[PDB]
Amino acid sequence: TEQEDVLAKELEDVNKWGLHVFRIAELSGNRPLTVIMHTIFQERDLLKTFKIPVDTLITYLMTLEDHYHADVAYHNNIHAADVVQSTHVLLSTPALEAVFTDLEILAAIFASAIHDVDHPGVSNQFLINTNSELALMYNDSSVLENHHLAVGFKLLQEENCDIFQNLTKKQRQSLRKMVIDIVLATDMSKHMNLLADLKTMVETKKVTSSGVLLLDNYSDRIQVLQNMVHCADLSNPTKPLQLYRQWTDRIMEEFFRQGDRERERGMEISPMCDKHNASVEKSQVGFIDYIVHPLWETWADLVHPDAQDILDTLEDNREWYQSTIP
Ligand SMILES: O=C(Nc1c(Cl)cncc1Cl)c1ccc(OC(F)F)c(OCC2CC2)c1
Ligand SMILES: [Mg+2]
Ligand SMILES: [Zn+2]
């Protein structure tokens, strides 16, 4: 059909920053995560490398995708698909050429795919404050992140869903550990510590004559993978403005809904969650200035000058958002 043709054409941009992820979600019948992951696995030859039967991969991906909530404005399957594709582009950075093994690539992409699965559309602090079952289960630490991992891994046990069935035991153990390490690092409470280590690595960085990163031990390798997926999670303001604005609309809708739940429970409304007292534009500029730009500038230094175009777009978007403030 014409719909399948236009979808295949859009997917030809899977290696490009600024892929039309919203259009892909529409064209695929709300299956962005499944089609984008499948495309990336085929692009990186991951099915042959890890002997993943195609039917098993699709069955797992559709099940995973079904566990993202369709009524959650931001933390849904579109965001998952976007973080996956963004990580995939970051892994292709010339400064990281041949740095990571196929197993580490698989871990980073899989981690990205499951990193927000079964997100209820409310924050860790909300879950802690409402004496939730999730916060009780996880003792108030990385509540959501622990849950995303548990669900992502548990779904591998469903019928014909074990995409890692042909990995050796050692490969499965290593991948599991890396995935856990990466997803737990998406908790924003760890942002400052991740960034400080990223800066430390930038200052003591070792490279080949072509500017390729030399990372020997697990500690440094996982730190870069952690920061890579963290960057992807925080990549919305670095995308073409048309995409960024859609992400902003979605995060604000999700935040406002949490604020609506807090208001009716008599709780103090969380920062930026009050629809009656919001400054969307100022908050985006502050978000860029204090979180997104410091992180991306540091990432850019690590892979210099490979991330220059991403940094340029971020600064363009910050300038535009600032111009909307009288
Ligand atoms: O925190 C975010 N994401 C997030 C991450 Cl990266 C990790 N863990 C939880 C969340 Cl909510 C997140 C994602 C996108 C945002 O806006 C735009 F880019 F869409 C945004 O605006 C902040 C702002 C209004 C004060 C915030
Ligand atoms: Mg998250
Ligand atoms: Zn996320």
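Every number for a ligand or one of its atoms is a count from 1 in the order of the listing. Numbering starts at 1 and runs along the sequence shown.
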* Nearest non-hydrogen protein atom, atom 24 (C) of ligand 1 -> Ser283 CB, 3.6 Å
* Asked: What part of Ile251, side chain from CB on, backbone N/CA/C/O, both or neither, has a heavy atom under 4.0 Å from ligand 1?
  -> side chain
* Just give me the atom name: the N, O or S atom of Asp116 closest to the Zn ion (ligand 3). => OD2
* To do: Considering just N/O/S atoms, say which atom of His79 is closest to the Zn ion (ligand 3).
  => NE2
* To do: Kindly give the atom name of the N, O or S atom of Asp233 closest to the Zn ion (ligand 3).
  => OD1
* Do you see an N/O/S atom of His75, backbone or side chain, under 2.8 Å from the Zn ion (ligand 3)? -> no
* Asked: Which heavy atom of the protein is the closest neighbour of atom 13 (C) of ligand 1, given with residue, atom name and distance?
  -> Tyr74 OH, 3.7 Å
* State the atoms of ligand 1, each with its element, that fall below the 4.0 Å cut-off from a heavy-atom position in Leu234. => 6 (Cl)
* Looking only at side chains, do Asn15 and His88 share a donor and an acceptor under 3.5 Å apart? -> yes
* Distance below 4.0 Å between atom 3 (N) of ligand 1 and any protein heavy atom? -> no
* What is the name of the N/O/S atom in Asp116 that sits closest to the Mg ion (ligand 2)? -> OD1
* Residue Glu319 excluded, over 12 heavy atoms near CD under 6.0 Å -> no
* To do: Do me a favour and list the nearest non-hydrogen protein atom to atom 14 (C) of ligand 1 with residue, atom name and distance?
  => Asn236 OD1, 3.5 Å
* Check step by step if side-chain contact (heavy atoms from CB on, under 4.5 Å) holds for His148 and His75. => CA-CA 11 Å; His148 302 318; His75 289 102; over 6 Å; no
* Asked: Among all protein non-hydrogen atoms, which one is nearest to atom 9 (C) of ligand 1, and what is the separation to 0.1 Å?
  -> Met188 CG, 4.0 Å
* **salt bridge (charged side-chain N to carboxylate O under 4.0 Å, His left out) evaluation trace for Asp82 with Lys239** => CA-CA 11 Å; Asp82 176 49; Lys239 299 291 173 74; 2.9 Å; yes
* Is atom 16 (O) of ligand 1 less than 4.0 angstrom from at least one protein heavy atom? -> yes
* Structure fact -> re atom 5 (C) of ligand 1, the protein heavy-atom contact at minimum distance is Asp233 OD2, 3.7 Å
* Asked: For atom 26 (C) of ligand 1, what's the nearest protein heavy atom and its distance?
  -> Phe287 CZ, 3.5 Å
